[PDB]
Amino acid sequence: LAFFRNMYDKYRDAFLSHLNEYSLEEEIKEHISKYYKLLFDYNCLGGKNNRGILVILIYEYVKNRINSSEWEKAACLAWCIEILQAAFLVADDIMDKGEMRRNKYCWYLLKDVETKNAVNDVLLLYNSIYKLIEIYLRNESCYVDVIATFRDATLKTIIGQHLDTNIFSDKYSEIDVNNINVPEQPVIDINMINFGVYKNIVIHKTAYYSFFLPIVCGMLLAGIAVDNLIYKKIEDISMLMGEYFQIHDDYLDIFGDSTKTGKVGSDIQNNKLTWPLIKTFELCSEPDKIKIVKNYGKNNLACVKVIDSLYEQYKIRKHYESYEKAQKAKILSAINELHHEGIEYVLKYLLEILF
Amino acid sequence: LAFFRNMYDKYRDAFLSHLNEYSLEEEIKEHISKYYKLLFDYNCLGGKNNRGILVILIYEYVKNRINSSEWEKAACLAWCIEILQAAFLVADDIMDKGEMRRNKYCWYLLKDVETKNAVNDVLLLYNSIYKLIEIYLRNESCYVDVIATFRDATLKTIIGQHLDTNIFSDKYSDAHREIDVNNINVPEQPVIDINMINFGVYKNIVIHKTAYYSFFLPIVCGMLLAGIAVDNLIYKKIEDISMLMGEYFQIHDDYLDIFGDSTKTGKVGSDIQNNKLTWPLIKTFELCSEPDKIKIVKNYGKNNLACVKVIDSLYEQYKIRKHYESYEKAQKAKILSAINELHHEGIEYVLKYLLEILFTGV
Ligand SMILES: CCCCCCCCCCCCn1cc[n+](CC(P(=O)(O)O)P(=O)(O)O)c1
Ligand SMILES: CCCCCCCCCCCCn1cc[n+](CC(P(=O)(O)O)P(=O)(O)O)c1
Ligand SMILES: [Mg+2]
Ligand SMILES: [Mg+2]
Ligand SMILES: [Mg+2]
Ligand SMILES: [Mg+2]
Ligand SMILES: [Mg+2]
Ligand SMILES: [Mg+2]
C-alpha cells in the first residue's frame with residue numbers, strides 16, 4: 001500500500017531502459033530519456049491510485065501469504081493500470097478541453113508539449129504497459145490472459161469515450177465526407193437524455209478499466225481459472241460500481257471544490273450527457289426544459305449560470321445523496337452474493353475509501 | 001495479390017461484429033456500426049498496400065505449400081499492417097496539419113469527426129489489430145511473438161515520430177533548460193537548429209519512424225507465421241536490410257514532398273513549413289554557401305508563402321533532384337548487395353521484387 005508507491009521508479013526505469021537500448025546517437029538518447037522520464041512522472045504521479053491499490057488488495061486476499069518476487073509481478077500490474085489511467089486522462093483532457101489535472105496544468109497545454117506531442121505520448125504510454133507486462137510476466141501462465149484483459153478493457157473504454165463525445169452530435173440525431181468547412185454547433189438532443197443511454201456510456205467509459213480490469217488482474221495473477229463463474233459476478237459488480245463512480249464524478253463537476261478534485265468543472269459548457277442533466281430533465285417543468293435546451297452546452301457565463309441555478313432549484317444535491325445510498329446498498333447486496341470472504345472484504349473496503 | 005484485397009471485408013466485419021456484441025441499446029449499436037465501418041473504409045482503403053503484400057509474398061516464398069486456412073491467417077496479418085498504416089496516417093496528419101491523404105480530406109478535418117474523434121479513432125484502429133490477431137491466430141504457436149513484433153515495431157515508430165516532431169524544438173537545443181511545466185502561454189516559434197542538420201541524426205529518425213513498421217514488421221510477420229525460429233541468424237540480416245530500405249523509402253518520401261505532384265501522391269507537401277529535418281534540407285545545407293545557410297535559417301519553418309518559395313528555389317538552385325537521383329542509384333546497389341548475402345532464394349526474390357515496385361506499387 002506504501003510498498004506500491006515505492007516500486008514506481010523500478011517499473012518506470014525498466015521501461016526507460018528499454019528505450020535506451022534503441023539504436024540512436026548518444027546525445028539523442030539523452031534527450032529521449034529526459035523527455036519521457038518527465039512524461040511518466042508528470043502524468044503517473046499525484047493520483048489517489050485507487051485502481052492500482054485494488055490490484056494489490058485483490059491479489060493479497062485471494063492468496064494465502066506472498067514472496068517478494070510475486071509482489072513484483074502484482075505491483076507491475078498495479079502500475080500498468082495507473083499508467084493506463086495516466087494515458088486515458090491525457091487523452092480525455094485533450095477531448096474535454098481540460099485546464100487542470102491533479103492540481104496542475106494538463107499535459108497537452110504545455111508549450112513544450114502541445115496537442116501533437118500529447119497525442120503521440122498517449123500511444124507511447126499505452127504501449128509501455130505491454131512492454132512492462134512482458135518484462136515481468138512473459139513466463140507466467142496467466143500472461144496471455146492478462147494482456148487480453150487490458151486490450152478488451154481498453155476497447156470498451158474507447159467505445160464509451162466515443163459515446164460520451166458524440167451522443168448529442170448530428171451523427172446520432174450519413175457522415176458527410178465532403179464537409180470540412182461548416183462546424184457543428186453543439187446542441188442537446190432530448191431523445192438521448194435518459195438513464196438507459198447514460199448507463200451505456202458510463203459502464204463503457206469507466207466501469208471496465210476502473211473496476212473490472214484491476215480486479216481481474218489480481219484474480220488472474222492469483223490463479224483463479226478464467227472459467228470460474230466468479231468472473232461474471234465480478235463483471236456485474238464492476239458495472240454497478242462504475243455507474244456509482246461516474247455519477248459521483250458528474251456530481252463533483254458542479255458541486256466539488258477544484259482545490260480538492262484537482263480539476264475544473266466543464267460538463268455543462270462541453271455539452272455532456274451527465275447524471276445531473278438527466279435528473280433535472282426528469283424532474284423539471286416544461287418551460288425549464290426549454291430553458292435547458294437554450295442554455296446548455298455554451299461556453300458562455302450567463303448560460304452556464306442558468307443551468308447551475310436549475311441544479312440548485314431542483315435540489316440535485318439532495319437527489320444525489322439519495323441515489324448514493326440506494327446504489328451503495330444494491331452494490332453491497334451484490335457483493336454478499338460473491339461467496340468469497342477475501343474479495344468481498346476488499347470490495348467493501350474499496351467502497352468506503354472510493355472518494 | 002488481388003486475393004488480398006478481397007479479404008478485407010472479412011477482417012473488417014470480424015472486428016465490427018465484436019463491437020456489436022457489446023451490451024448496448026439496439027439503436028446505439030446501429031450508430032456505432034455505421035461510424036466504425038466508415039472509419040475503416042475511409043482510412044484502410046485506397047493505398048498501394050505495399051506493406052500488406054510484403055507479408056503475403058514473404059509468407060509464400062519462405063514456404064513450399066498452403067491451404068485456404070493458412071492463407072486466411074496470413075491475409076489477416078497483412079490487413080493488420082494496413083490497419084496499422086491507417087492509424088499512423090490519421091495520427092500523422094493530425095501532427096503534420098495535413099490537408100489531403102490518398103486524394104481525399106484527412107479524416108481529422110471532417111466536421112463530423114474533428115481532432116477529438118480522430119485521436120480516439122487511432123487507438124481504436126490500433127487495438128482492433130490485436131483483436132484480429134486473437135480471432136485468427138490465438139492457437140498458432142507463433143502467436144505471442146507476432147503480437148510482440150507489432151508491439152515493438154510500434155514502440156519504435158512512436159519514438160521516431162517524437163524525434164521527427166521535436167528535433168529542432170527548444171526542448172532539444174536548450175536541452176539544459178528543462179521542460180517548463182508552468183508555461184502554457186508562450187508558444188515556441190519554430191527555428192531550425194544547425195547542430196542537428198546531419199545524416200546521422202536523420203538516419204536515427206527515419207529508421208525509427210519508417211523502417212521498422214514498413215519493412216521489418218511485415219517481413220518478420222510472414223517469417224514467423226511460416227515457421228522460421230526466432231533464434232535464426234537471418235532475422236538480424238533482415239533487420240539490417242530493413243534499415244536500408246526504410247532509409248531509402250523515406251528519403252524518397254522527402255523528395256516527393258517538394259518535387260511530387262499531389263494528384264499522384266494524393267497529399268500536399270508541407271515539410272518546409274512544418275520545420276521538418278528532411279533529406280533535401282540536409283543535402284542543401286551540406287552543399288550551399290555560407291550566406292545561403294543564413295537564408296535557410298531565416299526562411300525555413302514558417303507557414304508563409306514567400307519563405308517557402310525561398311527554400312524551394314534554393315532546392316532548384318543546388319539541383320537537389322539530381323543529387324537525389326544519384327543517391328537513389330547508390331543506395332539501391334547497397335541494398336541489392338545486402339540482399340545477396342541473405343542466402344535464401346525465396347526471400348531474396350521477394351525483396352528484389354519489392355525494390356522494383358516500391359514507388360509504383362502493385
Ligand atoms: C492518437 C495518438 C496515438 C497514435 C499515435 C501514433 C504515432 C505514430 C505515427 C507515426 C507516423 C510515421 N510515419 C512515417 C512516415 N510517415 C508518412 C508521412 P511523413 O513521415 O510525416 O512525411 P507523409 O504525410 O509524407 O505520408 C508517417
Ligand atoms: C491513442 C490516443 C487516443 C486516445 C485514446 C484513449 C481515449 C479513451 C479516453 C478514456 C477516458 C475515459 N474517462 C473516464 C473517466 N474520465 C474522466 C473525466 P470525464 O471526461 O468527466 O469522464 P474527468 O476529466 O471529469 O476526470 C475519462
Ligand atoms: Mg471526458
Ligand atoms: Mg473529463
Ligand atoms: Mg468528470
Ligand atoms: Mg510526420
Ligand atoms: Mg506527414
Ligand atoms: Mg513526407
# chains A, B, ... in the order shown; residues from 1 in each chain; ligands from 1

call {"tool": "residues_near_ligand", "arguments": {"ligand": "ligand 6", "cutoff": "9 Å", "atoms": "only C-alpha atoms and all ligand atoms", "output": "ChimeraX atom specification"}}
result
/B:89,91-96,161,164-165,209,271,276

call {"tool": "residues_near_ligand", "arguments": {"ligand": "ligand 2", "cutoff": "7 Å", "atoms": "only C-alpha atoms and all ligand atoms", "output": "number ranges by chain"}}
result
A: 87-89, 91-93, 96, 119, 122-123, 157-158, 161, 205-206, 249-250, 253; B: 119-123

call {"tool": "select_by_dssp", "arguments": {"residues": "stretch 105-327 of chain B", "states": "alpha helix (DSSP H)", "output": "ChimeraX atom specification"}}
result
/B:114-137,143-166,170-174,199-206,217-226,234-259,262-265,279-287,290-299,305-317,320-327

call {"tool": "interface_residues", "arguments": {"of": "chain A", "to": "chain B", "cutoff": "6 Å", "atoms": "only C-alpha atoms", "output": "number ranges by chain"}}
result
A: 24, 95, 109-111, 116, 179-180, 183, 200

call {"tool": "closest_residue", "arguments": {"among": "B:228, B:44, B:314, B:90", "to": "ligand 7", "atoms": "only C-alpha atoms and all ligand atoms"}}
result
B:90

call {"tool": "residues_near_ligand", "arguments": {"ligand": "ligand 5", "cutoff": "9 Å", "atoms": "only C-alpha atoms and all ligand atoms", "output": "MDAnalysis selection string"}}
result
chainID A and resid 246:253 263 265:267 274

call {"tool": "write_last_selection", "arguments": {"atoms": "N, CA and C atoms", "output": "short mmCIF file (atom, residue, chain, number, x, y, z; two decimals), in the first residue's frame"}}
result
data_model
loop_
_atom_site.label_atom_id
_atom_site.label_comp_id
_atom_site.auth_asym_id
_atom_site.auth_seq_id
_atom_site.Cartn_x
_atom_site.Cartn_y
_atom_site.Cartn_z
N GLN A 246 -19.03 7.05 -11.65
CA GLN A 246 -19.13 8.12 -12.62
C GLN A 246 -20.20 9.14 -12.24
N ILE A 247 -21.32 8.66 -11.71
CA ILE A 247 -22.34 9.57 -11.20
C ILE A 247 -21.77 10.51 -10.13
N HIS A 248 -20.90 9.98 -9.29
CA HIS A 248 -20.21 10.81 -8.32
C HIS A 248 -19.23 11.77 -8.96
N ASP A 249 -18.53 11.32 -9.99
CA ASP A 249 -17.69 12.23 -10.77
C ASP A 249 -18.54 13.37 -11.38
N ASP A 250 -19.69 13.03 -11.93
CA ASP A 250 -20.57 14.04 -12.51
C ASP A 250 -21.01 15.06 -11.47
N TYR A 251 -21.28 14.57 -10.26
CA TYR A 251 -21.75 15.39 -9.15
C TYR A 251 -20.63 16.32 -8.72
N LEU A 252 -19.39 15.86 -8.79
CA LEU A 252 -18.27 16.70 -8.37
C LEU A 252 -18.08 17.84 -9.34
N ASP A 253 -18.41 17.61 -10.61
CA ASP A 253 -18.21 18.63 -11.64
C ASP A 253 -18.91 19.94 -11.28
N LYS A 263 -9.22 19.51 -10.51
CA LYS A 263 -9.63 19.78 -11.89
C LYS A 263 -10.81 20.72 -11.91
N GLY A 265 -14.47 22.04 -13.32
CA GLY A 265 -15.75 21.57 -13.90
C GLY A 265 -16.04 22.18 -15.26
N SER A 266 -16.69 21.42 -16.14
CA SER A 266 -16.75 21.74 -17.57
C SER A 266 -17.85 20.97 -18.31
N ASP A 267 -18.61 20.14 -17.59
CA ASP A 267 -19.61 19.27 -18.25
C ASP A 267 -20.70 20.06 -18.99
N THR A 274 -24.85 14.13 -18.65
CA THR A 274 -24.49 13.83 -17.26
C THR A 274 -25.68 13.40 -16.41
#

call {"tool": "select_by_dssp", "arguments": {"residues": "stretch 90-174 of chain B", "states": "strand (DSSP E or B)", "output": "JSON, numbers by chain"}}
result
{"B": [100, 101, 104, 105]}

call {"tool": "atom_distance", "arguments": {"atom1": "atom CA of residue A:43", "atom2": "atom CA of residue B:210"}}
result
27.9 Å

call {"tool": "residues_around", "arguments": {"residues": "residue B:194", "least_positions_apart": "4", "cutoff": "10 Å", "atoms": "only C-alpha atoms", "output": "NGL selection string"}}
result
:B and (168 or 173 or 198 or 282 or 285 or 293 or 297)

call {"tool": "write_last_selection", "arguments": {"atoms": "N, CA and C atoms", "output": "compact mmCIF listing (two decimals), in the first residue's frame"}}
result
# COMPACT_ATOMS: atom_id res chain seq x y z
N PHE B 168 14.08 19.88 -33.71
CA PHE B 168 14.50 21.29 -33.77
C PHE B 168 13.93 22.15 -32.64
N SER B 173 17.47 21.98 -28.15
CA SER B 173 18.56 22.95 -28.29
C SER B 173 19.03 23.42 -26.93
N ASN B 198 22.38 16.91 -39.86
CA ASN B 198 23.34 15.92 -40.37
C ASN B 198 22.67 14.56 -40.53
N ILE B 282 19.13 18.63 -45.65
CA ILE B 282 20.47 18.31 -45.20
C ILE B 282 21.45 18.38 -46.37
N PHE B 285 22.15 21.94 -47.22
CA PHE B 285 22.90 22.60 -46.15
C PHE B 285 24.36 22.20 -46.20
N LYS B 293 23.14 29.52 -46.22
CA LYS B 293 22.81 28.92 -44.94
C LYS B 293 21.95 29.87 -44.12
N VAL B 297 18.10 29.40 -42.51
CA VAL B 297 17.73 29.74 -41.14
C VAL B 297 16.62 30.78 -40.99

call {"tool": "atom_distance", "arguments": {"atom1": "atom CA of residue B:248", "atom2": "atom CA of residue B:350"}}
result
17.0 Å

call {"tool": "residues_near_ligand", "arguments": {"ligand": "ligand 8", "cutoff": "7 Å", "atoms": "only C-alpha atoms and all ligand atoms", "output": "list in words"}}
result
residues 253, 254, 257 and 271 of chain B

call {"tool": "write_last_selection", "arguments": {"atoms": "N, CA and C atoms", "output": "PDB file, in the first residue's frame"}}
result
ATOM      1  N   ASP B 253      10.331   9.739 -49.944  1.00  0.00           N
ATOM      2  CA  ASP B 253       9.128  10.423 -49.482  1.00  0.00           C
ATOM      3  C   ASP B 253       9.432  11.909 -49.317  1.00  0.00           C
ATOM      4  N   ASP B 254      10.582  12.214 -48.726  1.00  0.00           N
ATOM      5  CA  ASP B 254      11.013  13.604 -48.566  1.00  0.00           C
ATOM      6  C   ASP B 254      11.113  14.261 -49.946  1.00  0.00           C
ATOM      7  N   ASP B 257       7.711  15.246 -51.219  1.00  0.00           N
ATOM      8  CA  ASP B 257       7.157  16.421 -50.554  1.00  0.00           C
ATOM      9  C   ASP B 257       7.380  17.700 -51.373  1.00  0.00           C
ATOM     10  N   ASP B 271       6.724  19.826 -45.494  1.00  0.00           N
ATOM     11  CA  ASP B 271       7.917  19.654 -44.670  1.00  0.00           C
ATOM     12  C   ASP B 271       8.608  20.968 -44.330  1.00  0.00           C
TER      13      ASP B 271
END

call {"tool": "residues_around", "arguments": {"residues": "residue A:13", "least_positions_apart": "6", "cutoff": "10 Å", "atoms": "only C-alpha atoms", "output": "list in words"}}
result
residues 19, 33, 37 and 40 of chain A

call {"tool": "write_last_selection", "arguments": {"atoms": "N, CA and C atoms", "output": "PDB file, in the first residue's frame"}}
result
ATOM      1  N   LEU A  19      13.976   1.803 -23.929  1.00  0.00           N
ATOM      2  CA  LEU A  19      14.057   2.825 -24.977  1.00  0.00           C
ATOM      3  C   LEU A  19      15.527   3.103 -25.256  1.00  0.00           C
ATOM      4  N   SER A  33      15.475  10.356 -22.993  1.00  0.00           N
ATOM      5  CA  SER A  33      15.419   9.969 -21.592  1.00  0.00           C
ATOM      6  C   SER A  33      14.826  11.083 -20.762  1.00  0.00           C
ATOM      7  N   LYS A  37      11.045  10.488 -19.120  1.00  0.00           N
ATOM      8  CA  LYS A  37      11.021  10.456 -17.663  1.00  0.00           C
ATOM      9  C   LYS A  37       9.994  11.477 -17.124  1.00  0.00           C
ATOM     10  N   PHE A  40       6.198  10.265 -17.851  1.00  0.00           N
ATOM     11  CA  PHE A  40       5.797   9.394 -16.768  1.00  0.00           C
ATOM     12  C   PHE A  40       5.567  10.131 -15.430  1.00  0.00           C
TER      13      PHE A  40
END

call {"tool": "residues_around", "arguments": {"residues": "stretch 218-227 of chain B", "least_positions_apart": "5", "cutoff": "10 Å", "atoms": "only C-alpha atoms", "output": "MDAnalysis selection string"}}
result
chainID B and resid 50:64 66 70 73:75 77:78 80:82 137 140:143 145:147 149:150 212:213 235 238:239 242 347 350:351

call {"tool": "closest_residue", "arguments": {"among": "B:353, B:249, B:199, B:300", "to": "residue B:211", "atoms": "only C-alpha atoms"}}
result
B:249

call {"tool": "closest_atom_pairs", "arguments": {"of": "stretch 19-80 of chain A", "to": "stretch 133-145 of chain A", "cutoff": "8 Å", "atoms": "only C-alpha atoms", "output": "CSV"}}
result
residue,atom,partner,partner_atom,distance
A:72,CA,A:136,CA,7.8
A:73,CA,A:136,CA,6.0
A:76,CA,A:133,CA,7.1
A:77,CA,A:133,CA,7.2
A:80,CA,A:133,CA,7.8

call {"tool": "residues_around", "arguments": {"residues": "residue A:237", "least_positions_apart": "2", "cutoff": "9 Å", "atoms": "only C-alpha atoms", "output": "JSON, numbers by chain"}}
result
{"A": [211, 212, 232, 233, 234, 235, 239, 240, 241, 242, 331, 334, 335]}

call {"tool": "residues_around", "arguments": {"residues": "residue B:268", "least_positions_apart": "3", "cutoff": "8 Å", "atoms": "only C-alpha atoms", "output": "mmCIF file with C-alpha atoms, in the first residue's frame"}}
result
data_model
loop_
_atom_site.group_PDB
_atom_site.id
_atom_site.type_symbol
_atom_site.label_atom_id
_atom_site.label_comp_id
_atom_site.auth_asym_id
_atom_site.auth_seq_id
_atom_site.Cartn_x
_atom_site.Cartn_y
_atom_site.Cartn_z
ATOM 1 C CA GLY B 98 -2.371 17.534 -43.276
ATOM 2 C CA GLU B 99 -4.849 18.634 -45.890
ATOM 3 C CA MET B 100 -5.142 15.653 -48.183
ATOM 4 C CA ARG B 101 -4.479 11.937 -47.887
ATOM 5 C CA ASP B 257 7.157 16.421 -50.554
ATOM 6 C CA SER B 262 -0.009 15.948 -55.403
#

call {"tool": "closest_residue", "arguments": {"among": "A:62, A:101, A:160, A:79", "to": "ligand 4", "atoms": "only C-alpha atoms and all ligand atoms"}}
result
A:101

call {"tool": "atom_distance", "arguments": {"atom1": "atom CA of residue A:316", "atom2": "atom CA of residue A:276"}}
result
6.5 Å

call {"tool": "decode", "arguments": {"residues": "stretch 42-56 of chain A", "atoms": "N, CA and C atoms", "output": "mmCIF file, in the first residue's frame"}}
result
data_model
loop_
_atom_site.group_PDB
_atom_site.id
_atom_site.type_symbol
_atom_site.label_atom_id
_atom_site.label_comp_id
_atom_site.auth_asym_id
_atom_site.auth_seq_id
_atom_site.Cartn_x
_atom_site.Cartn_y
_atom_site.Cartn_z
ATOM 1 N N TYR A 42 5.115 13.262 -14.587
ATOM 2 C CA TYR A 42 4.134 14.326 -14.542
ATOM 3 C C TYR A 42 2.705 13.757 -14.575
ATOM 4 N N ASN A 43 2.536 12.638 -15.272
ATOM 5 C CA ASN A 43 1.212 12.109 -15.556
ATOM 6 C C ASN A 43 0.845 10.875 -14.752
ATOM 7 N N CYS A 44 1.841 10.131 -14.265
ATOM 8 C CA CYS A 44 1.576 8.912 -13.483
ATOM 9 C C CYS A 44 1.444 9.149 -11.992
ATOM 10 N N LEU A 45 2.052 10.227 -11.504
ATOM 11 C CA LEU A 45 2.116 10.531 -10.065
ATOM 12 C C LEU A 45 1.108 11.606 -9.687
ATOM 13 N N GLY A 46 0.794 11.696 -8.397
ATOM 14 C CA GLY A 46 -0.177 12.667 -7.886
ATOM 15 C C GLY A 46 -1.640 12.224 -7.819
ATOM 16 N N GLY A 47 -1.931 10.985 -8.227
ATOM 17 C CA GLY A 47 -3.291 10.445 -8.122
ATOM 18 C C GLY A 47 -3.550 9.743 -6.799
ATOM 19 N N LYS A 48 -4.797 9.338 -6.570
ATOM 20 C CA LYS A 48 -5.153 8.572 -5.391
ATOM 21 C C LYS A 48 -4.720 7.098 -5.503
ATOM 22 N N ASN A 49 -4.491 6.645 -6.736
ATOM 23 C CA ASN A 49 -4.002 5.292 -7.045
ATOM 24 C C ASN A 49 -4.999 4.189 -6.682
ATOM 25 N N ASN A 50 -6.286 4.501 -6.762
ATOM 26 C CA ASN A 50 -7.308 3.557 -6.346
ATOM 27 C C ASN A 50 -7.248 2.272 -7.155
ATOM 28 N N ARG A 51 -7.152 2.420 -8.471
ATOM 29 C CA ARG A 51 -7.122 1.281 -9.382
ATOM 30 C C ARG A 51 -5.921 0.382 -9.101
ATOM 31 N N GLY A 52 -4.754 1.006 -8.932
ATOM 32 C CA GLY A 52 -3.518 0.289 -8.620
ATOM 33 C C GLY A 52 -3.595 -0.471 -7.311
ATOM 34 N N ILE A 53 -4.097 0.197 -6.281
ATOM 35 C CA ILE A 53 -4.243 -0.417 -4.970
ATOM 36 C C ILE A 53 -5.216 -1.595 -4.989
ATOM 37 N N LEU A 54 -6.261 -1.490 -5.795
ATOM 38 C CA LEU A 54 -7.249 -2.535 -5.890
ATOM 39 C C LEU A 54 -6.643 -3.811 -6.474
ATOM 40 N N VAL A 55 -5.677 -3.672 -7.376
ATOM 41 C CA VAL A 55 -4.933 -4.830 -7.838
ATOM 42 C C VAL A 55 -4.165 -5.497 -6.701
ATOM 43 N N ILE A 56 -3.315 -4.721 -6.034
ATOM 44 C CA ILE A 56 -2.608 -5.188 -4.853
ATOM 45 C C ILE A 56 -3.532 -5.924 -3.855
#
